[PDB]
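Note: hydrogens, waters and symmetry copies are ignored here, and every other heavy atom, side chains too, is used. Sequence lines set the chain letters: A, B, ... in the order given, protein chains first and strands last, and positions in each chain run from 1.
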Amino acid sequence: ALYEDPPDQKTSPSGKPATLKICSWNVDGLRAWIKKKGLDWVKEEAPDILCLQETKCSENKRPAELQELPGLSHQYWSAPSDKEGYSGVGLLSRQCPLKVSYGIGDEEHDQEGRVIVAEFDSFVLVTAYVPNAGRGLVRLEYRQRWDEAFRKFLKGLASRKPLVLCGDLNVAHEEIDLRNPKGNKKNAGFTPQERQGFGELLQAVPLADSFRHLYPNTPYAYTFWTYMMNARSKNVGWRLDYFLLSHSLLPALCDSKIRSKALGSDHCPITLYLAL
DNA sequence: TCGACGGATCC
DNA sequence: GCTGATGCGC
DNA sequence: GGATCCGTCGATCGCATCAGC
Ligand SMILES: [Ca+2]
Ligand code: NA
């Protein structure tokens, strides 16, 4: 059945108003999506920090609109080493960070342009586009390697500041995170492996699935639909885009939103509200 | 994802 | 620029 | 032996690149 995201709760569990509005979007071609009036949708949602994945854009092919984006002056970008047009993530924010880094500190995993780290006063923000195990599970073995190393990079970070991790994590965590769980229990993003890696990341770092913390039993809540087979219209999809945060931050959690209506990609955008 | 495909097996 | 083709994504 | 069950297994869509001239 269809899904309707409830209104934005902009109040913390202790009655404080939200201060920070992070918005993440797997854009699936930075150039297509801009052409598709995506940056329009950004201008109206008005985030403080905007994280994007699947940029598929070279450092010199980025449209000019982006730099001119108001309210998001500090703009950091990572694209892969030698695979032109693959992968790519960005992070834009109204305020300027204290330190920004790229990658997770592992040569094997920092070559496809997938991780940006943005340290602020009161927390650290990590945005990432995770490797898909692949059609035919061709890269599932490597995705076990990435999950393990990403796990311990975040455990590290977490020990020093409150962490917020967002973006496309390329796994549906539980049968409630996708419309066709039985049809997909051995395809990319729903294998016993990928799902055990998500749960291990949650127990080890540790982190909470922000959206599920609030709506732990609401189904058909998705962030991705295959372009094929007019699937978005039928609401057959996968929740692949998360905000994961340290338990420390749960008193600051006001709301975790899924922007189902916003068009421009095969992912829809997601939006986090914090009282900081 | 979706159907067309099997091949199993059920009355 | 314009045509073919192939790669990668759930 | 007819009609169901239930596991494969190609191909829709879209956004990129690359070869060639
Ligand atoms: Ca391929
Ligand atoms: Na009978």
Could you write nucleotides 2-10 of chain C as a row of B, S and -, 5' to 3', where a protein heavy atom under 4.0 Å of any base atom gives B, of only sugar-phosphate atoms gives S, and otherwise -?
-> ------SSB
Ring of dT12(D), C1'-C2'-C3'-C4' positive counted as north and negative as south, is tagged north
What distance, rounded to whole Å, do you find between the two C1' atoms, one in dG7(C) and one in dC5(B)?
-> 28 Å
Positive for side chain to side chain contact (heavy atoms under 4.5 Å, CB included) with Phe190(A), one of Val171(A), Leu178(A), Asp177(A) | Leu178(A)
Contact class for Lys186(A) (heavy atom, under 4.0 Å): base, sugar-phosphate, or nothing?
-> sugar-phosphate
Heavy-atom side-chain proximity of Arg259(A) to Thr271(A) below 4.5 angstrom | yes
Are the six-membered base rings of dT12(D) and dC13(D) centred less than 5.5 Å apart, with their planes inclined by less than 30 degrees?
-> no
If we call a positive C1'-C2'-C3'-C4' torsion north and a negative one south, what is the sugar of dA8(B)?
-> north
Examine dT4(D) and say whether its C1'-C2'-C3'-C4' torsion places the sugar north (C3'-endo side) or south (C2'-endo side).
-> north
With rounding to whole Å, what would you report as the distance between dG7(D) and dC10(B) at their P atoms?
-> 14 Å
Could you tell me whether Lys261(A) and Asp5(A) have a side-chain N and a carboxylate O separated by less than 4.0 Å?
-> no
From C1'-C2'-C3'-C4' (positive north, negative south), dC5(B) puckers north
Sugar of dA16(D), judged by the sign of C1'-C2'-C3'-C4' (positive north, negative south), puckers north
For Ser122(A), side chain to side chain contact (heavy atoms under 4.5 Å, CB included) partners two or more places apart = none
Nearest-Å distance, NZ (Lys185(A)) to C1' (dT1(B))?
-> 18 Å
For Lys182(A), which contact category applies under a 4.0 Å heavy-atom criterion: base, sugar-phosphate, or nothing?
-> nothing
Test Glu175(A) against every option in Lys182(A), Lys185(A), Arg239(A) by the salt bridge (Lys or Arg N to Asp or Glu O under 4.0 Å) rule and name the one that passes.
-> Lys185(A)
Relative to each other, are the rings of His173(A) and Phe198(A) parallel, tilted or perpendicular (30° and 60° limits)?
-> tilted
Between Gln9(A) and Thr11(A), is any side-chain donor less than 3.5 angstrom from a side-chain acceptor?
-> yes
How is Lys61(A) classified with respect to the nucleic acid when contacts are heavy atoms under 4.0 Å: base, sugar-phosphate, or nothing?
-> sugar-phosphate
Which nucleotide of DNA chain D is the first, and which the last, in the 5' to 3' direction, to come under 4.0 Å of a heavy atom belonging to chain A?
-> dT8(D) to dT17(D)
Donor-acceptor contacts under 3.5 Å from residues 12-21 of chain A side chains, at least two apart:
unit_1   : atom_1 : unit_2    : atom_2 : d
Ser12(A) : OG     : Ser14(A)  : N      : 2.9
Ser12(A) : OG     : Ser14(A)  : OG     : 3.1
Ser12(A) : OG     : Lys16(A)  : N      : 3.3
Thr19(A) : OG1    : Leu274(A) : O      : 3.2
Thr19(A) : OG1    : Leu276(A) : N      : 2.6
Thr19(A) : OG1    : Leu276(A) : O      : 3.4
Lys21(A) : NZ     : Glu45(A)  : O      : 2.5
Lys21(A) : NZ     : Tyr273(A) : OH     : 3.3

Distance-minimising heavy-atom pair for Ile22(A) and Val164(A) | CD1-CG1, 4.5 Å
Which of parallel (below 30°), tilted (30 to 60°) and perpendicular (above 60°) describes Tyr76(A) and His74(A)?
-> parallel
Spacing between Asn180(A) atom CG and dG3(B) atom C1', to the nearest angstrom | 14 Å
In which ranges does DNA chain B form stems of 3 or more consecutive Watson-Crick or G-U pairs, distances under 3.5 Å?
-> B:6-10 with D:2-6
Whole-angstrom distance between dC10(C) and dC9(D), as gauged at atom P | 24 Å
Across all chains, not counting sequence neighbours, the side-chain hydrogen bond (donor to acceptor under 3.5 Å, both in side chains) partners of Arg195(A) are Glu174(A)
Donor-acceptor side-chain pairing of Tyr215(A) and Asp209(A) below 3.5 angstrom = no
